[PDB]
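Before any comments, here is the structure.
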Amino acid sequence: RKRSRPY
Amino acid sequence: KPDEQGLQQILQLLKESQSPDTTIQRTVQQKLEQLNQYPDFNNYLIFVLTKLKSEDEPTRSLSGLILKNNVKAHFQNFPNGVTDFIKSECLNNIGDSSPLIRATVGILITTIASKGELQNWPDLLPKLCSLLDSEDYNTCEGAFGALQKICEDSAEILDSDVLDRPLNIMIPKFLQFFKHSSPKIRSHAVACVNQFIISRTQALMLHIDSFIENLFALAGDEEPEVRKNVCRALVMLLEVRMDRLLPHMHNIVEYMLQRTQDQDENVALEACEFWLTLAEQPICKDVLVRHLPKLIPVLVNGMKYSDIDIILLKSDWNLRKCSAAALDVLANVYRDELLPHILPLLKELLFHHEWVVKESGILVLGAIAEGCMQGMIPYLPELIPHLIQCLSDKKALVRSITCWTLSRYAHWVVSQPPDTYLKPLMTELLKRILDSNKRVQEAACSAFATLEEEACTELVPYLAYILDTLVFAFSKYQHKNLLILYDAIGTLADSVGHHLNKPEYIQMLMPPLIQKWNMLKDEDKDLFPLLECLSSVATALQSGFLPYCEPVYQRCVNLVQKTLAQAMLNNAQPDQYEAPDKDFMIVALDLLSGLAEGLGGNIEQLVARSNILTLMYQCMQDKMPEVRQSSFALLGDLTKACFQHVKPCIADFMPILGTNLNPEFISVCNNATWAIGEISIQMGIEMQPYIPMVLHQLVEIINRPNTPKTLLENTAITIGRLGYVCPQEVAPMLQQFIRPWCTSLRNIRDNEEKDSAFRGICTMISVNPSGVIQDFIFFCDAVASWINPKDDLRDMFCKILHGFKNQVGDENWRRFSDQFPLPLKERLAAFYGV
């Protein structure tokens, strides 16, 4: 998983 | 030496190559790429650049740059005389009066060293370090400019012994020029020296103090380039020589705080990289204490967008990005202790009418979440509904980062009862999954998936609305958003399990998924999350997946076979055959495992007419252990579902399991040990040959100390199953394993696995009771762990317990049971007749 966190 | 005629036509060609119209430009370049194949051409190029001073500077430079491209490719077949001539001309004429000419020569020197290699021009480094003292500023400047790019290209080359390490003069020679009057020179010097810090090359480590002193001297330079390079240097020093920098740290961080506020974005970005790199260090917690009140507002102000990002959207790395990452790390370091410096900005930012300020507020709220959760709890009753409301804000960016922040507070949201916060959050969040702006779609769907991992069973009342919005999303999501929709659907499936297995849901969900699956291709990039998605979906639906399993089964068989063929070609000769990403094969194997386990014998019409057993056999000895893990899991699930297709290959498989029955690969050894048990039960008395080749290893494994619970349980269960189908072979061994076997299985549920294992221990007791008589109290404890055993197993427990009671005598049994704990004594007594 590599969910789109903003940084 | 080459001169006179032909030169007119080359000047004509340059003039033509500078044509205003594209038509002549893109018809002249053919003549150039025909002329490169004649190495004498390059002599004319370097000559026009270096010596034909009657022609205009752009034409001369352009000749030089054409010559640059002729070195970027097929420099292999350059003659030695031509190369020496260009080397000589460039390196003599480095300090030309025209800066454009100077930079053309610089990039020629750079490329002639970058292509090719340095030890094929070894006089370069000494020669232009001797030019470095020159009294002509231009020659010194150009030499340094070339040096900087040489260092940037070839750090770990000069570090190595391949060129007798000329760094050992360069580093001190550079260090002298930190003092120099020209800021550009100082910049080049520190930029050269910077490249070797992380390599911790010895030539600099042995002058670390001189280096640090020159850095402190440069700290006061109000030239921006110098401060940029000094910030990069100080950033790298935090990683390598923290020890030597520590005594000075407070001055450093005061400087770097003034530097993060600096009016230049790049300078500020490096000064913030400083904070990110420092917060990772273990000494940090006591360092920054007296500066946090001045640091935190700087990071918060940096977490606002720039006007440039506002206009661009409505970059991969920003001051905002770095500030937020730094604040996240600082949160995880200081935990609740950070809150008094940050909460008062929050309760101002979050209610501001300038929307970018509000945005920075929501982002700060999300960034501190992981570290500060506990101390944040008493404010969440105000914040969470405010964030819900902010999901309605007209500005899209607010909605996006609000989704993410809420996702980061999911764990507290699900602890509260559903109507308070969870149902409102989910309603608004599903609504914004269908938002009109792709940013909001991405953020909302990611946040929703993150939520679904933690809501778990609490989602089942909402499944209708959930699946409606989700299956509708297939029609609007174009590219990136579709992949996260696969992630969300797979998470929903894993999150609710068998509660999804209802035909109306299947009718909603399967047509679009099976459509996408059929139209996606073997070589495609979207189907990796879709394989994980369908693994989840099929493992949840189980038998309800039956009408759809045909294409996915055949496709996955193809994936495994194609991966294995690519891996073969790679292991034979890598140059044309790059290795495949075995992750595809691993998820394909796990998906087939789930298919077998969930659909049962209905998989026979697919296992028969496919090579899945051959491919699986091809996987079980692959050197990547995750492949072996997945393959043993699939072996066991096929054994369970349709053993008739597997029975012929058992003689090939069992030795392989005998080899891989090895606990240093815990995750693999678990699945292998378990497959042995399923196989023994399906085989029956036919297992007699394979018992000794695995029994010694199992006996070693179960007696291994400090061993995880799952492996130990599966080991005991498989030992019991082998003893069930082949009691004579295993029976002499109970002396050596009954104690940990009961120590483990006393803790496990009353499922069919436990039933098989205890039938095994009873069948083995009927052949050799002595190996249990040694330790019978633990067998009594383990039998007492049964709550609801099968009637015949209960008779077997009765026969063992009474048979051993009559063997020991009444008074001896009295003493043997006197120190049972009360639940043990009394359950055993009431349930088996004492």
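The residues of chain B that appear here are 14-327, 379-898 by Swiss-Prot count, in order.
Method on record in the header is X-ray crystallography, 3.8 Å.
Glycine is treated like the rest: Cβ placed from N, Cα and C.
Taken from Swiss-Prot, the feature domain 'Importin N-terminal' covers B:41-109, and the record attributes it to sequence analysis. Residues annotated as repeat 'HEAT 3' in Swiss-Prot: B:98-131. Here Swiss-Prot flags B:137-174 as repeat 'HEAT 4', drawing on experimental evidence. The repeat 'HEAT 5' annotation in Swiss-Prot covers B:181-211 and rests on experimental evidence. Positions annotated as repeat 'HEAT 6' by Swiss-Prot, on the basis of experimental evidence: B:224-251. The repeat 'HEAT 7' feature in Swiss-Prot is assigned to B:263-290. Annotation source Swiss-Prot lists repeat 'HEAT 10' at B:445-472, citing experimental evidence. Swiss-Prot lists B:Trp468, B:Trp738 with the feature site 'Important for interaction with cargo nuclear localization signals', giving experimental evidence as the kind of evidence. Residues annotated as repeat 'HEAT 11' in Swiss-Prot, with experimental evidence given as evidence: B:486-519. Residues or ranges marked as repeat 'HEAT 13' in Swiss-Prot (evidence: experimental evidence): B:568-606. Among the features that Swiss-Prot reports, repeat 'HEAT 14' is placed at B:614-665, with the record citing experimental evidence. Taken from Swiss-Prot, the feature repeat 'HEAT 15' covers B:676-707, and the record attributes it to experimental evidence. Annotated repeat 'HEAT 16' per Swiss-Prot: B:715-748, in sequence order, evidence recorded as experimental evidence. The repeat 'HEAT 19' annotation in Swiss-Prot covers B:841-872.
Of the candidate ranges B:137-174, B:224-251, B:614-665, B:614-665 has the most C-beta pairs within less than 8 angstroms of the repeat 'HEAT 15' (B:676-707). Same-chain residues lying 6 or more positions outside the repeat 'HEAT 6' (B:224-251) and placing a CB less than 8 Å from one of its CB atoms are 188, 191-192, 196-197, 199-200, 203-204, 206-207, 210-211, 217, 257-258, 261, 264-265, 268-269, 272, 275, 277, 279-280, 283-284, 286-287, 290-291, 294. DSSP assigns B:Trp738 (site 'Important for interaction with cargo nuclear localization signals') to a helix. Per DSSP, the repeat 'HEAT 11' (B:486-519) is made up of 30 helix, 0 strand, 4 coil.
DSSP places the residues of the repeat 'HEAT 7' (B:263-290) in helix, strand and coil in these numbers: 24 helix, 0 strand, 4 coil.
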